[PDB]
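If you read the protein sequences in the order shown, they are chains B, D, E, C and A. Take the first sequence: its position 109, counted from the start at 1, is 113 in PDB author numbering, and no numbers get skipped. Take the second sequence: its position 351, counted from the start at 1, is 355 in PDB author numbering, and no numbers get skipped. Take the third sequence: its position 323, counted from the start at 1, is 327 in PDB author numbering, and no numbers get skipped. Take the fourth sequence: its position 359, counted from the start at 1, is 363 in PDB author numbering, and no numbers get skipped. Take the fifth sequence: its position 124, counted from the start at 1, is 128 in PDB author numbering, and no numbers get skipped.
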Amino acid sequence: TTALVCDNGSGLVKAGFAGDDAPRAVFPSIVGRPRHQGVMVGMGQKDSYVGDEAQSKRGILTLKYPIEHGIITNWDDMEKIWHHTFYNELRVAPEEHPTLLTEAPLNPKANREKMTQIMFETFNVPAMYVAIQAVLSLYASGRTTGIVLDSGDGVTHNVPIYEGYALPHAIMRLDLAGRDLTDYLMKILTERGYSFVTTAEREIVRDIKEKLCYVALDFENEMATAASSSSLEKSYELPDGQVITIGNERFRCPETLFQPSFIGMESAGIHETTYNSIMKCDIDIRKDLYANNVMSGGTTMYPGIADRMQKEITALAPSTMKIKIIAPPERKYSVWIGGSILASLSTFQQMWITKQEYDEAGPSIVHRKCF
Amino acid sequence: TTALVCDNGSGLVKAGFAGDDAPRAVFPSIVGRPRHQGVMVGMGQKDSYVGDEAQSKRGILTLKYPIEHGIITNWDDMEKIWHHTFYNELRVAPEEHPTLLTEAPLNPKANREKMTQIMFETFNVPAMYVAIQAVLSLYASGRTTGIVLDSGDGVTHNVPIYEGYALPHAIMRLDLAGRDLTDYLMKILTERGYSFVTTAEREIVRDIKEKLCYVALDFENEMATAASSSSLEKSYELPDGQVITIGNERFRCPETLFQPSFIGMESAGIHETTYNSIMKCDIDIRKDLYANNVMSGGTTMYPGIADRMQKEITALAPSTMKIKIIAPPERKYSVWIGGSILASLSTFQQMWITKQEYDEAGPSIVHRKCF
Amino acid sequence: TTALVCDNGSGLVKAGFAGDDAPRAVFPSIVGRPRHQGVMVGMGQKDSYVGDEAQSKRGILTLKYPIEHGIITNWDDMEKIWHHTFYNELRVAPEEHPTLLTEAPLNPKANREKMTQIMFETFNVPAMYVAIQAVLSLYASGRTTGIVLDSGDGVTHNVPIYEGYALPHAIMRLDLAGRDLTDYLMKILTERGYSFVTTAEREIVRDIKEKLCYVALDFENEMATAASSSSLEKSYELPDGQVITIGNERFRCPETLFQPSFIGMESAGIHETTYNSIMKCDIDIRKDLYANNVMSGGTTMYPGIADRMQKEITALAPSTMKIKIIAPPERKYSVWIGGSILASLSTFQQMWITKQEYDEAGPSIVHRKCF
Amino acid sequence: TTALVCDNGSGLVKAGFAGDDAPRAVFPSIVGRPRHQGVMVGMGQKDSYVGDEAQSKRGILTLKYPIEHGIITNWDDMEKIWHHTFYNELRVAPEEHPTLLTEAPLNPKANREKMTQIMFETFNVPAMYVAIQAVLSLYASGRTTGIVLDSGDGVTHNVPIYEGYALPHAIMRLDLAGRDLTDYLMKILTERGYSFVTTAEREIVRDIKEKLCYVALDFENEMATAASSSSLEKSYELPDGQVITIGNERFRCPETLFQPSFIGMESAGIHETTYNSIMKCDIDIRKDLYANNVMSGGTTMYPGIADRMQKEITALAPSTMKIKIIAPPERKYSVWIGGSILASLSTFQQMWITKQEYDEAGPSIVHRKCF
Amino acid sequence: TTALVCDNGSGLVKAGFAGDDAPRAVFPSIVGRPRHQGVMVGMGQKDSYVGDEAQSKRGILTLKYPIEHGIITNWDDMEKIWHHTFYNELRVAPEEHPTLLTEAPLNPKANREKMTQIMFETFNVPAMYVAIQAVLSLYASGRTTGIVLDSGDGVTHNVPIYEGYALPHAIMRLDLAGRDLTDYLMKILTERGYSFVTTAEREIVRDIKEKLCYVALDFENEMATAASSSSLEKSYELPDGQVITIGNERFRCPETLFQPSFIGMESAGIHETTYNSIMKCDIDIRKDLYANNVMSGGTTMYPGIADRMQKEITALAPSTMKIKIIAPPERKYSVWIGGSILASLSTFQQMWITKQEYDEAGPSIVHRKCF
Ligand SMILES: Nc1ncnc2c1ncn2[C@@H]1O[C@H](COP(=O)(O)OP(=O)(O)O)[C@@H](O)[C@H]1O
Ligand SMILES: Nc1ncnc2c1ncn2[C@@H]1O[C@H](COP(=O)(O)OP(=O)(O)O)[C@@H](O)[C@H]1O
Ligand SMILES: Nc1ncnc2c1ncn2[C@@H]1O[C@H](COP(=O)(O)OP(=O)(O)O)[C@@H](O)[C@H]1O
Ligand SMILES: Nc1ncnc2c1ncn2[C@@H]1O[C@H](COP(=O)(O)OP(=O)(O)O)[C@@H](O)[C@H]1O
Ligand SMILES: Nc1ncnc2c1ncn2[C@@H]1O[C@H](COP(=O)(O)OP(=O)(O)O)[C@@H](O)[C@H]1O
Ligand SMILES: [Mg+2]
Ligand SMILES: [Mg+2]
Ligand SMILES: [Mg+2]
Ligand SMILES: [Mg+2]
Ligand SMILES: [Mg+2]
């Protein structure tokens, strides 16, 4: 019949039917209340703005993100986003089609149980599933081996997979993603005197970094060139028509991926975290993981991120190993296309968690993995 | 049934029923006592002249204005003007029809409380409301976005509105208006030897500026042309039949709008005040305000005021922004037609402050804004 | 070398060199033609009488005043008065010494331009200046702060000054002065049956008020005492030897200063005009103006005018403010001594309008104020 | 020898030698031009008034503040203030003594580079340093741990410090300070009809809030008491001698500290910002920060601000934590006394940026932090 | 004279003189560098924190462990820990007293040679020895037979001993210890949403498991009780004052001892490893080993670990064998007290490796075992 695949993670909700080549719905997943004055409810001024209208009428709204570090925080408000996706954006009657929800690894169980209970209680979904983003992201390439390095707006995580088996003892999760690169760019742009404070202005810095930034191949040489010369400097126009000149900051923001120290995060970068998750694995595997290192999600679409990563992990692993980094076009949709394949896969149809089965067996059903 | 809308501000009282295309009553709102001799009360010489009779029999009267800078000063005398409006000019029995009164922003609370208490105590109005002139002025265009630049005889003020929301943190109010341009013209006309002193003669200079004056597109070029040549000079006939020649003064009076320094007022002009009230607003809004800059009220009917304003704000804001200044015909009635629409609007009928509700909840009721 | 200072205002021409303690020339500034019969010109009967001879041979002459409300009206006749001052009274050759002319504020520009053009055209003055009487009047005290309340025969005006700066937005000018008090006394003396009609008889009432009148401290008590008793009555001898008894009228004439309604003038008195010109000024100044309120000119030499004024403004201003009214002796010469100081002041010598400079730059030169 | 410490921030310049117990110079740091008329430069009327003379002769001057939100805006005019401090107020020859300048955190680099370049170029300071106000403010207590909550006229900021180490990843900066509380009081005082407009009148509201205001312990109870009763009302005398009655407004102005929504600022209050900057820090630290929460600067001298703050953060943090707020007397001088200690500290003498070192190494020297 | 015994293994350094009943020094053996900012070395901020100060000032430090799996990794940093132990903690002059160092079995020879070379080169120890922890642990009981099951922070190992002879062909070593149980608890506590990431937070989970955890007698029954009921749940307070509720996790962490599969370790548990090391031994011995099964070290102090172990090995070995598990109090000090006895034993004094003997015979001396 149909299946509805939703990348439910932080930032863009991607949703729309399986059996299609691209998402049908993509919208920022923000919720906004009128800031300046209490709502003129007697005249019917709508007090909630979710998804697209919020960004369209950004300046008057307290834009809240209801998913923070991949953990759903506001349950009253996340349900408004699902409400909007099914009834307004897709215009699909949700009681009729199964829904494949997706999650980060190593989340609190309570978040999966609430997310399930709502879908069975208020939307009355007929059948449902919660998958892990890094596994779906692999089907999108057609491969059955690789270390899926998945970035995002909220959570970065690695899931090595081999011969279709999933290794659950070497999943890694960082808390480093586009929201932390945005909160860093908002701090390094004040060195030029541009000062963004409110959430609406954050939704402008979240657009600067999308276009202007690029990953410096060698960070310590570009910190020379950006000091001696101004061919690196580039200019961008704000909504009001004022022009920014962004210069040096243009490549320091993605650098924090590789140096989490910059943001105060005591961690390995993403290059040391892929390498650690490989070294943790058995010695027999590693020559196959090095050859199949797949990337997905935004904050892995900066120009040249692959060409740096491959050099930077090459500097760690032995020189007898060829290292190829599979960064296909449309990484932004990798997880959704993985859902659009896996939901149409003829073997999968036994894994759906039928509403009846949850109603009788109780919420612990959701943690089963008879995959 | 009906609603009575009154522009109660300084200068012309505009009044007459909602559901009509134009005011039914327009009269100068002056009060006058016989000056020269104490009134022959035993013979019944009427000692008060309000509205039209005062201007008709101007020369013998001490014309007082009971509203000064939008603040009602004489409570004994303002009530004579409402008395005259309801009983003599409209000939409407006021106990029967709700009345929508209008106010400047940032007025003292005490002025709204007295104005309410009189309407409920002596006129016994059945239901009443006090609105802000710059919000009503926007409905008159049908728009739901724009920076309402409202001039007048007493108070100039800006109210940006967006998507029907009102931003109350960026209302600005100046104290610069037709009464200050009149008091300036009375001072620059003495350079030609015409000297107007009494209030009756002020009600002649208040008519000179209405007809003779115009806004110079470029002030510093016209101060050349008016020096080298006399095509700029123009002539006007007084009530007694003597002819004035007004020359250079003809365009210096509206110039004080843009240069409040001229009148001793330490302020931005109206071009810097619209621009400041825009810059104060959030960056996301500003491209929409620049496109919807609405004007209202007299002292915004001088020929070419729009065509200067648009150049003068264009000189401030970025050159990527189109700036359109919406100065419709009948700016003089914009606020009244806004009242004639808003009072007939089907959603508004819950906002009336019923007499019973004020009688029980006490005068603090008038500051509520469940709009 | 020298400078010639002239109080050119209405009534007494005061003239004579700077660097002296008192005017050298003081004379009534009247012009007179033989009234009764056309002049016996073939026998050489002199048809013009200016200054002192006119008053000396008053009774046969149509005494005209060539300055009316501080505006020069007869240009053919005012030039006779300057002619007489330089050649006959001072006996000074005017081509040789600079002349500091003085003016009322808010005069028509044309009056300053004609007054300049004559001095450069017919007298061929080498260098010249036109100052404002109320500024000069302040130097006479040595102060650099105060509200200069300047009376006169023609024009009353206020000029607040502070720290040597002049505030040009709070100059006030009334049209109320000794000529209007004379024309009022000529009307209230007919209540006793004395009737003065001709201009010569006006030059007698202008001498009655100088001696007999005084300012009543409390007007409404003296209108009692003058009704119940006759210690207030006083007697004066006319030129022919007839005795007047002036009684009640003795203090009603200066009262019109404080109540311009009496003369049909719709105005604040001088006590409300000083107070209005203070209230107009910035709040930071006012405690300094109240302490430095200077008086000058005749019609401010009536006995007790200061002691009333100080009570009458004390009744307006707040009771925390000390109010001191600086009425020095020789108020009549205050403006002239101010000229005799300012013309000898070493900084001033750059402000002279050299004849060459007017000849080349044209009559608009006279309005410059690089003071 | 000596060291000159200057709190260069917005509002009061505090300056005077290290090794003393209190500033030797304290003056408002305003610059003023004569407003009403263009300066009589040929007579030598001084056209600039900085520091004390400006406030002394307030009413005639366009008081500009050359530091706005801690960012120096007018470079031509700020240099007049340093000129006045060194040559006129301290009468110290600046080529001879090192100067410790102080700054807000997160300022634009360009502001530090200009501020340095001027001190080395025009004053020719022999050696100089730019420190951060919140670090110096801690030495003033003698502590080596605490969350320095520093308010001011321009910028509020938090700097947690622990064991003498500075954590640079949890500095927070708001744009909320005495200038915004003044601009709010000027808006809420119009509810009583007092209307202050010009900058001179702002320098009176900036004195009202200093004396009359106090922080309400419980805002929502005092909004009851101020409604039912008038023991809360208090009265104050203006320079002219008129008395204000300030009532309800008396405690709503400091409330905006805790509720930035009131001023249109979308932010946490200062109570949520200290708590956020603590929660951001590592879990091991927090019990030590709660015990050492230091306050400094004006707008942290309102009566009872500490006793509210301690309750309001106690409502957030866990109840097992004792919270002590160290608000010593002379918070106004905390930063200056910190400079007077740190500039005399024997270890510091290697951190001075010698003029030679800047001349050779170039302006990037100023961002080094070999602290 | 004296002898200095040091448990040099991972986690707590235990040190202090032989001939005493308990260690004199016990401290975490961590090394820490300031994380957040490069050290202010010119001011003398100490850049190294070892032992107790590191844990005391935990939150600002990158806590590194210099011993990893019983192998010394950082030679520059381990020497700082010996430096601190001898000079600061014991305050003993090390050139004067022999030192008995202790080691895991089956270590790389290079680790013993470096450890020896440092003690003879930089500390200049007069005489020294490296013993094996599991042999010393037996003397602590006074027994001369038993299978010493020694746990720790780094290495678990078995050494069967019989009649004082050591069997070197049945030493077993696992890589499973308190550091792996900590890294597992940090992963299972995220199921409740508590997420510990940094090393400082690891030093809090390393304290949770010390107090809250206990060994479930029957794991599969307690996984029932913890599902049906909440008497098992227990609560603990963090340093900041926030309370954890730990529940189910409380007994799954020590379970990984018995099921190394849980941590991804392909191994027998400790119950199968004691049993394998017994079965490997000759049939004549085994009835004596079963009766003398001694435990030592932390991660063998969890409540009830003995009472489970004895049941779980009883399930393997024949039912004719009595099995007694000798878990005395103060297992944490067993190895140190074994050193404090063996170093005072009169026969041992010939086994010291004199400095002279190493200087002449070369580093291969350290592997001799003329025991
Ligand atoms: N073309 C791009 N270049 C750089 N960054 C991008 C680009 N597109 C999106 N991003 C950023 O990547 C982040 C995550 O996007 P996305 O992968 O859609 O999140 P999720 O996968 O959780 O929906 C967002 O901050 C987004 O702005
Ligand atoms: N056609 C005109 N041209 C110029 N000025 C005008 C014109 N009509 C009115 N004005 C002046 O505008 C001022 C305000 O008029 P109005 O807008 O009616 O005041 P309000 O809106 O407060 O009633 C008055 O001084 C009036 O004389
Ligand atoms: N002693 C006096 N008492 C009252 N009024 C006087 C006295 N002297 C002069 N006046 C009147 O004051 C008027 C103005 O005189 P004056 O100040 O000389 O005029 P101006 O200053 O314009 O020359 C004249 O009417 C004069 O008669
Ligand atoms: N006693 C006081 N009570 C309340 N506010 C004060 C007091 N003294 C000063 N202020 C206000 O605090 C603000 C900042 O003062 P200050 O701390 O000197 O600024 P800075 O530290 O930047 O020099 C000013 O607006 C000042 O008026
Ligand atoms: N009372 C206890 N209960 C449970 N575990 C403990 C206890 N005390 C210590 N541990 C843990 O045992 C581990 C090893 O401690 P220890 O035996 O001192 O190591 P070593 O013997 O190598 O010095 C450490 O992780 C320690 O936290
Ligand atoms: Mg994603
Ligand atoms: Mg109007
Ligand atoms: Mg005079
Ligand atoms: Mg400060
Ligand atoms: Mg041990």
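Beta carbons are placed, not taken as given, at the ideal position from N, Cα and C, and that holds for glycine.
Which residue from the options puts its Cα closest to that of residue i?
i        : options                         : result
D:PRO307 : D:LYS213, D:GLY168 and D:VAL209 : D:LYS213
E:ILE175 : E:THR194, E:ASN280 and E:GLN360 : E:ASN280
C:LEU236 : C:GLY251, C:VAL247 and C:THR351 : C:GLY251
Count the other C-beta atoms from every protein chain shown that fall within 10 angstroms of the C-beta of residue i, then say buried if there are 16 or more, exposed otherwise.
i        : result
E:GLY42  : exposed
D:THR6   : exposed
D:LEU242 : exposed
In three-state DSSP terms, what is residue i?
i        : result
C:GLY20  : strand
E:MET190 : helix
A:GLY342 : helix
E:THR260 : helix
B:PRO367 : helix
A:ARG39  : coil
D:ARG254 : helix
Which residues, in order along the region 144–157 of chain C, keep a beta-carbon less than 9 Å from a beta-carbon of chain E?
Nothing from the region 144–157 of chain C brings a Cβ to less than 9 Å from some Cβ of chain E.
Contacting positions in the region 195–208 of chain B - beta carbon closer than 8 Å to chain D
From the region 195–208 of chain B, only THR202, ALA204, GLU205 and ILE208 have a Cβ closer than 8 Å to chain D.
Scan the region 268–294 of chain C for residues whose Cβ lies nearer than 8 Å to a Cβ of chain B and list them as they occur along the chain.
Within the region 268–294 of chain C, the residues whose Cβ lies closer than 8 Å to some Cβ of chain B are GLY268, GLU270 and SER271, listed in chain order.
Positions along the region 92–117 of chain D whose CB lies within less than 9 Å of some CB in chain C
Under the 9 Å Cβ criterion, the region 92–117 of chain D contributes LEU110, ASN111, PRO112, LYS113, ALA114 and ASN115.
Could you give the uninterrupted runs of the beta strand (DSSP E) lying entirely in the region 186–250 of chain C, keeping only those of 3 residues or more?
With a minimum length of 3 residues, the continuous beta strand (DSSP E) runs that stay inside the region 186–250 of chain C are 239–241 and 247–249.
Taking a Cβ distance cut-off of 9 Å, strictly less, list which residues of the region 161–176 of chain C are near chain B, in chain order.
Those would be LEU171, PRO172, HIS173 and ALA174, in chain order.
So if I threshold CB-CB distances at 9 Å, which residues from the region 236–250 of chain A count as touching chain C?
So the close ones are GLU241, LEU242, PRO243, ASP244, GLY245, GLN246 and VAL247.
Enumerated in chain order, which unbroken segments of the beta strand (DSSP E) with a length of 3 residues or greater are wholly contained in the region 266–325 of chain B?
Within the region 266–325 of chain B, the complete beta strand (DSSP E) runs of at least 3 residues are 297–300.
Counting only runs of 3+ residues fully inside the region 59–141 of chain D, write out the beta strand (DSSP E) ranges in chain order.
Fully enclosed beta strand (DSSP E) runs of 3 or longer: 65–68, 103–107 and 131–136.
Under 9 Å (Cβ pairs) to chain B, residues found in the region 14–31 of chain A:
Taking 9 Å as the Cβ-Cβ cut-off against chain B, none of the residues of the region 14–31 of chain A qualify.
Listed in chain order, which residues of the region 39–59 of chain D have Cβ atoms closer than 7 Å to some Cβ of chain E?
Only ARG39 and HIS40 from the region 39–59 of chain D bring a Cβ to less than 7 Å from some Cβ of chain E.
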